[PDB]
>>> print(open('protein_23.txt').read())   # compact mmCIF, C-alpha atoms
# COMPACT_ATOMS: atom_id res chain seq x y z
CA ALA A 1 0.00 0.00 0.00
CA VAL A 2 2.00 3.05 1.38
CA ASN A 3 1.69 4.23 5.08
CA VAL A 4 4.94 6.29 4.97
CA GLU A 5 3.83 9.74 6.26
CA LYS A 6 0.88 10.39 3.91
CA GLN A 7 -1.64 7.56 4.57
CA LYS A 8 -4.78 7.70 2.35
CA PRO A 9 -6.74 11.02 2.46
CA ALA A 10 -10.20 9.98 1.20
CA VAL A 11 -10.64 13.58 -0.02
CA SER A 12 -12.20 16.30 2.19
CA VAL A 13 -15.52 15.73 4.05
CA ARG A 14 -19.04 16.70 2.67
CA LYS A 15 -18.68 14.09 -0.15
CA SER A 16 -17.47 11.31 2.22
CA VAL A 17 -21.05 10.00 1.65
CA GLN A 18 -21.25 8.00 -1.59
CA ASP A 19 -23.82 5.57 -3.17
CA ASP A 20 -24.57 3.48 -0.01
CA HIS A 21 -20.82 3.40 0.73
CA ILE A 22 -18.85 5.58 3.17
CA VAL A 23 -15.18 6.28 2.36
CA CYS A 24 -12.48 5.31 4.87
CA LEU A 25 -10.55 8.46 5.81
CA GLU A 26 -6.83 7.61 6.39
CA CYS A 27 -7.38 4.30 4.52
CA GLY A 28 -9.12 4.95 1.13
CA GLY A 29 -11.24 1.73 1.01
CA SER A 30 -15.06 1.92 1.13
CA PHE A 31 -17.85 0.13 3.08
CA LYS A 32 -21.34 0.39 4.66
CA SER A 33 -19.98 0.74 8.26
CA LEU A 34 -16.75 2.53 9.19
CA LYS A 35 -17.86 2.22 12.91
CA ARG A 36 -16.54 -1.38 12.96
CA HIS A 37 -13.59 -1.05 10.50
CA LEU A 38 -12.55 2.04 12.54
CA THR A 39 -12.47 0.35 16.00
CA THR A 40 -10.99 -2.80 14.29
CA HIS A 41 -8.04 -1.23 12.34
CA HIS A 42 -7.56 2.48 13.16
CA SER A 43 -9.26 1.40 16.50
CA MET A 44 -10.81 3.95 19.01
CA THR A 45 -14.38 5.41 19.01
CA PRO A 46 -15.98 7.17 15.94
CA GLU A 47 -16.31 10.51 17.84
CA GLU A 48 -12.63 10.36 19.00
CA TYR A 49 -11.62 9.56 15.38
CA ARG A 50 -13.55 12.60 13.98
CA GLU A 51 -11.21 14.77 16.16
CA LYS A 52 -8.17 13.45 14.16
CA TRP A 53 -9.62 14.57 10.78
CA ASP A 54 -11.27 17.64 12.48
CA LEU A 55 -14.44 16.21 10.86
CA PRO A 56 -17.31 18.79 11.08
CA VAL A 57 -20.68 17.98 12.71
CA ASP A 58 -19.00 14.76 14.01
CA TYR A 59 -19.59 13.16 10.57
CA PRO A 60 -21.29 9.70 10.89
CA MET A 61 -19.09 6.64 10.35
CA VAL A 62 -22.09 4.42 9.40
CA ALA A 63 -24.08 4.33 6.09
CA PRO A 64 -25.61 7.73 5.03
CA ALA A 65 -29.14 6.80 6.25
CA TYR A 66 -28.36 3.81 8.58
CA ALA A 67 -30.41 5.20 11.52
CA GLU A 68 -31.51 8.81 10.85
CA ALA A 69 -27.76 9.56 10.24
CA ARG A 70 -27.63 10.37 14.00
CA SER A 71 -27.14 7.08 16.00
CA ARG A 72 -30.98 6.59 15.87
CA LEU A 73 -31.11 9.67 18.21
CA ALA A 74 -29.46 9.40 21.65
CA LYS A 75 -27.39 6.24 22.63
CA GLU A 76 -23.87 7.75 22.53
CA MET A 77 -20.71 6.18 21.00
CA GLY A 78 -19.63 2.89 22.61
CA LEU A 79 -21.94 0.00 23.59
CA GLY A 80 -25.44 0.01 25.15
CA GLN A 81 -25.34 -3.45 26.76
CA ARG A 82 -22.37 -5.87 26.60
CA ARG A 83 -24.91 -8.69 26.03
CA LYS A 84 -26.87 -10.12 23.09
CA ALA A 85 -30.25 -9.81 24.80
CA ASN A 86 -33.13 -11.32 22.75
CA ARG A 87 -32.78 -13.33 19.51
>>> encode(input="protein_23.txt", output="structure tokens")
Amino acid sequence: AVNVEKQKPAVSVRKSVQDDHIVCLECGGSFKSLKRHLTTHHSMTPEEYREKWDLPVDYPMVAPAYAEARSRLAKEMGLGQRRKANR
């Protein structure tokens, strides 16, 4: 790939939203959910990560309309319950 002081700038924000695919800032690759990929590879929380790229309005890391583009309203970054309650 590269990763020698440059990384992959997936352009500026605003157009980070594409056709049901969200572009991986620092990485280049595209997917439906950066939330996972983020905490997997780049690791850390989506809100903490937006700080790195100075990403305005705390730009969502999940699909453009996944859940009202706003974590389904409330339920902050992290995990609700550490349990798979109900099937």
>>> residues_near_point(input="protein_23.txt", point="(-12.2, 6.9, 14.7)", cutoff="10 Å", atoms="only C-alpha atoms", output="JSON, numbers by chain")
{"A": [24, 25, 26, 34, 35, 36, 37, 38, 39, 40, 41, 42, 43, 44, 45, 46, 47, 48, 49, 50, 51, 52, 53, 61]}
>>> closest_residue(input="protein_23.txt", among="A:22, A:62, A:4, A:55", to="residue 77 (chain A)", atoms="all atoms listed in the file")
A:62
>>> residues_near_point(input="protein_23.txt", point="(-22.0, 11.4, 2.1)", cutoff="10 Å", atoms="only C-alpha atoms", output="number ranges by chain")
A: 13-23, 59-61, 63-65
>>> residues_around(input="protein_23.txt", residues="residue 1 (chain A)", least_positions_apart="4", cutoff="12 Å", atoms="all atoms listed in the file", output="ChimeraX atom specification")
/A:6-8,27-29
>>> atom_distance(input="protein_23.txt", atom1="CA of residue 32 (chain A)", atom2="CA of residue 66 (chain A)")
8.7 Å
>>> build_atoms(input="protein_23.txt", residues="region 52-73 of chain A", atoms="N, CA, C and O atoms", output="PDB file, in the coordinates of the input")
ATOM      1  N   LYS A  52      -9.397  13.612  14.979  1.00  0.00           N
ATOM      2  CA  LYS A  52      -8.170  13.450  14.160  1.00  0.00           C
ATOM      3  C   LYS A  52      -8.279  14.210  12.818  1.00  0.00           C
ATOM      4  O   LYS A  52      -7.504  15.126  12.562  1.00  0.00           O
ATOM      5  N   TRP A  53      -9.326  13.901  12.061  1.00  0.00           N
ATOM      6  CA  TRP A  53      -9.620  14.570  10.780  1.00  0.00           C
ATOM      7  C   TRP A  53     -10.339  15.929  10.892  1.00  0.00           C
ATOM      8  O   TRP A  53     -10.695  16.537   9.883  1.00  0.00           O
ATOM      9  N   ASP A  54     -10.511  16.413  12.126  1.00  0.00           N
ATOM     10  CA  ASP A  54     -11.270  17.640  12.480  1.00  0.00           C
ATOM     11  C   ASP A  54     -12.692  17.675  11.867  1.00  0.00           C
ATOM     12  O   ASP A  54     -13.331  18.722  11.773  1.00  0.00           O
ATOM     13  N   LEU A  55     -13.255  16.480  11.700  1.00  0.00           N
ATOM     14  CA  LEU A  55     -14.440  16.210  10.860  1.00  0.00           C
ATOM     15  C   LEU A  55     -15.739  16.878  11.359  1.00  0.00           C
ATOM     16  O   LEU A  55     -16.353  16.416  12.327  1.00  0.00           O
ATOM     17  N   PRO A  56     -16.180  17.935  10.653  1.00  0.00           N
ATOM     18  CA  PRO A  56     -17.310  18.790  11.080  1.00  0.00           C
ATOM     19  C   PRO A  56     -18.614  18.005  11.275  1.00  0.00           C
ATOM     20  O   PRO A  56     -18.775  16.887  10.783  1.00  0.00           O
ATOM     21  N   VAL A  57     -19.421  18.555  12.184  1.00  0.00           N
ATOM     22  CA  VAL A  57     -20.680  17.980  12.710  1.00  0.00           C
ATOM     23  C   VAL A  57     -20.566  16.525  13.208  1.00  0.00           C
ATOM     24  O   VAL A  57     -21.549  15.793  13.312  1.00  0.00           O
ATOM     25  N   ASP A  58     -19.345  16.133  13.596  1.00  0.00           N
ATOM     26  CA  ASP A  58     -19.000  14.760  14.010  1.00  0.00           C
ATOM     27  C   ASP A  58     -19.463  13.667  13.032  1.00  0.00           C
ATOM     28  O   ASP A  58     -20.047  12.654  13.420  1.00  0.00           O
ATOM     29  N   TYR A  59     -19.270  13.987  11.748  1.00  0.00           N
ATOM     30  CA  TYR A  59     -19.590  13.160  10.570  1.00  0.00           C
ATOM     31  C   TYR A  59     -19.771  11.656  10.847  1.00  0.00           C
ATOM     32  O   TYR A  59     -18.822  11.002  11.284  1.00  0.00           O
ATOM     33  N   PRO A  60     -20.966  11.106  10.573  1.00  0.00           N
ATOM     34  CA  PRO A  60     -21.290   9.700  10.890  1.00  0.00           C
ATOM     35  C   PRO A  60     -20.354   8.728  10.169  1.00  0.00           C
ATOM     36  O   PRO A  60     -20.013   8.908   9.006  1.00  0.00           O
ATOM     37  N   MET A  61     -19.943   7.707  10.910  1.00  0.00           N
ATOM     38  CA  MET A  61     -19.090   6.640  10.350  1.00  0.00           C
ATOM     39  C   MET A  61     -19.882   5.416   9.843  1.00  0.00           C
ATOM     40  O   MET A  61     -19.314   4.442   9.365  1.00  0.00           O
ATOM     41  N   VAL A  62     -21.204   5.514   9.853  1.00  0.00           N
ATOM     42  CA  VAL A  62     -22.090   4.420   9.400  1.00  0.00           C
ATOM     43  C   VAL A  62     -22.918   4.973   8.227  1.00  0.00           C
ATOM     44  O   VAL A  62     -23.122   6.183   8.154  1.00  0.00           O
ATOM     45  N   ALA A  63     -23.210   4.099   7.266  1.00  0.00           N
ATOM     46  CA  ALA A  63     -24.080   4.330   6.090  1.00  0.00           C
ATOM     47  C   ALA A  63     -24.934   5.617   6.155  1.00  0.00           C
ATOM     48  O   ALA A  63     -25.655   5.797   7.143  1.00  0.00           O
ATOM     49  N   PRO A  64     -25.002   6.384   5.054  1.00  0.00           N
ATOM     50  CA  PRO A  64     -25.610   7.730   5.030  1.00  0.00           C
ATOM     51  C   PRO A  64     -26.999   7.873   5.678  1.00  0.00           C
ATOM     52  O   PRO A  64     -27.298   8.917   6.247  1.00  0.00           O
ATOM     53  N   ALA A  65     -27.835   6.841   5.564  1.00  0.00           N
ATOM     54  CA  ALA A  65     -29.140   6.800   6.250  1.00  0.00           C
ATOM     55  C   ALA A  65     -29.386   5.583   7.166  1.00  0.00           C
ATOM     56  O   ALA A  65     -30.528   5.324   7.541  1.00  0.00           O
ATOM     57  N   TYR A  66     -28.312   5.033   7.746  1.00  0.00           N
ATOM     58  CA  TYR A  66     -28.360   3.810   8.580  1.00  0.00           C
ATOM     59  C   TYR A  66     -29.429   3.833   9.691  1.00  0.00           C
ATOM     60  O   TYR A  66     -30.157   2.863   9.876  1.00  0.00           O
ATOM     61  N   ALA A  67     -29.416   4.921  10.463  1.00  0.00           N
ATOM     62  CA  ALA A  67     -30.410   5.200  11.520  1.00  0.00           C
ATOM     63  C   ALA A  67     -30.481   6.715  11.779  1.00  0.00           C
ATOM     64  O   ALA A  67     -29.690   7.287  12.538  1.00  0.00           O
ATOM     65  N   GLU A  68     -31.265   7.351  10.902  1.00  0.00           N
ATOM     66  CA  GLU A  68     -31.510   8.810  10.850  1.00  0.00           C
ATOM     67  C   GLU A  68     -30.220   9.663  10.768  1.00  0.00           C
ATOM     68  O   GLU A  68     -30.214  10.854  11.074  1.00  0.00           O
ATOM     69  N   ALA A  69     -29.161   9.062  10.212  1.00  0.00           N
ATOM     70  CA  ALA A  69     -27.760   9.560  10.240  1.00  0.00           C
ATOM     71  C   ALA A  69     -27.274  10.194  11.563  1.00  0.00           C
ATOM     72  O   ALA A  69     -26.265  10.898  11.594  1.00  0.00           O
ATOM     73  N   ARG A  70     -27.846   9.734  12.678  1.00  0.00           N
ATOM     74  CA  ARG A  70     -27.630  10.370  14.000  1.00  0.00           C
ATOM     75  C   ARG A  70     -27.761   9.375  15.179  1.00  0.00           C
ATOM     76  O   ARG A  70     -28.521   9.598  16.119  1.00  0.00           O
ATOM     77  N   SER A  71     -27.090   8.228  15.049  1.00  0.00           N
ATOM     78  CA  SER A  71     -27.140   7.080  16.000  1.00  0.00           C
ATOM     79  C   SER A  71     -28.546   6.714  16.534  1.00  0.00           C
ATOM     80  O   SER A  71     -28.733   6.371  17.701  1.00  0.00           O
ATOM     81  N   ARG A  72     -29.524   6.764  15.623  1.00  0.00           N
ATOM     82  CA  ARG A  72     -30.980   6.590  15.870  1.00  0.00           C
ATOM     83  C   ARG A  72     -31.575   7.537  16.940  1.00  0.00           C
ATOM     84  O   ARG A  72     -32.735   7.392  17.324  1.00  0.00           O
ATOM     85  N   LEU A  73     -30.886   8.661  17.146  1.00  0.00           N
ATOM     86  CA  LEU A  73     -31.110   9.670  18.210  1.00  0.00           C
ATOM     87  C   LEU A  73     -30.828   9.053  19.588  1.00  0.00           C
ATOM     88  O   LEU A  73     -31.307   7.977  19.942  1.00  0.00           O
TER      89      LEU A  73
END
